[PDB]
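Numbers for residues simply follow the sequence, beginning at 1. Atoms within each ligand, like the ligands themselves, are counted from 1 in listed order.
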Amino acid sequence: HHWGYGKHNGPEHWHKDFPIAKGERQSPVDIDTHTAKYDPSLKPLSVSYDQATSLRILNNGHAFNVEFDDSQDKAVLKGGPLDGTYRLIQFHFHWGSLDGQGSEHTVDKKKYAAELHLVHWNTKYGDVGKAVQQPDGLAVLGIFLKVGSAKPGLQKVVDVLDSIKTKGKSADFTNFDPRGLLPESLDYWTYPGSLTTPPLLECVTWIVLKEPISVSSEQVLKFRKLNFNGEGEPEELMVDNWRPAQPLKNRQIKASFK
Ligand SMILES: [Hg+2]
Ligand SMILES: [Zn+2]
């Protein structure tokens, strides 16, 4: 039936409905810091989120998305390995049932507690639907979360999770500033890949930040109280909504730092 993260419809089953799963540029991957090549020609990332307009937060089964108004160049990503402007459309997380797992990408096989994905689409294509059909349609900024001290800027997200506990629930979520979720350094690794959930389209330029952000045990705990199921259906905690590392194949991970 519908894909998920359970025993019978998890990541290992996705290929049956989405053949691209066994594709050539699938994500996530393991970042081997000793094999990633420092590329001196990579420009600094340019993150312009000062005019960001969040609109809503919703539980879509699978995860929770904070959506932004992408009708204009309000919140954009440029620079780095990117050509052109990419507008922020939404951000979501992937997390585990325990602090030792949850991230999708791994660094030298190390898994983090969770991973934040800020999804942007190339403005050249007019809309996200067209953008997904292109090799350079999307740019996703990945940030690792480790358990330690609380991240103040993440609390507004944490406090609203109660109202979107089950699949299909949404809540107005205005005036949230995404700049509060950024680490202080913007050093990164980049490689060409895909969406990590079906349809698993190979249209993503991945930008994974080296420096993780810290969140408290209590903050991550609230993520774990969400449900994959809808209201009235039997309860299945939304945990371990991450896809394991895929083979790198013919790809090279470049690093912006030496
Ligand atoms: Hg594509
Ligand atoms: Zn994601």
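Here the side chain of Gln246 pairs no donor or acceptor atom with the backbone of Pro28 at under 3.5 angstrom.
Around the Hg ion (ligand 1), the angle linking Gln134 (O) with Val132 (O) is 90°, rounded to 10 degrees.
The N, O or S atom of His117 with the smallest distance to the Zn ion (ligand 2) is ND1. Per residue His94, closest N, O or S atom to the Zn ion (ligand 2): atom name NE2.
Classified by interplanar angle (parallel below 30°, tilted 30° to 60°, perpendicular above 60°), the ring pair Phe64/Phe93 is tilted.
Comment: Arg224 engages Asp99 in a salt bridge, judged by a side-chain N to carboxylate O separation of less than 4.0 angstrom.
Of the N and O atoms on the side chains of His94 and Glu115, not one donor lies less than 3.5 Å from an acceptor on the other residue.
Inclusion of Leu201 in the first shell of the Hg ion (ligand 1) is not supported: no N, O or S atom falls under 3.0 Å.
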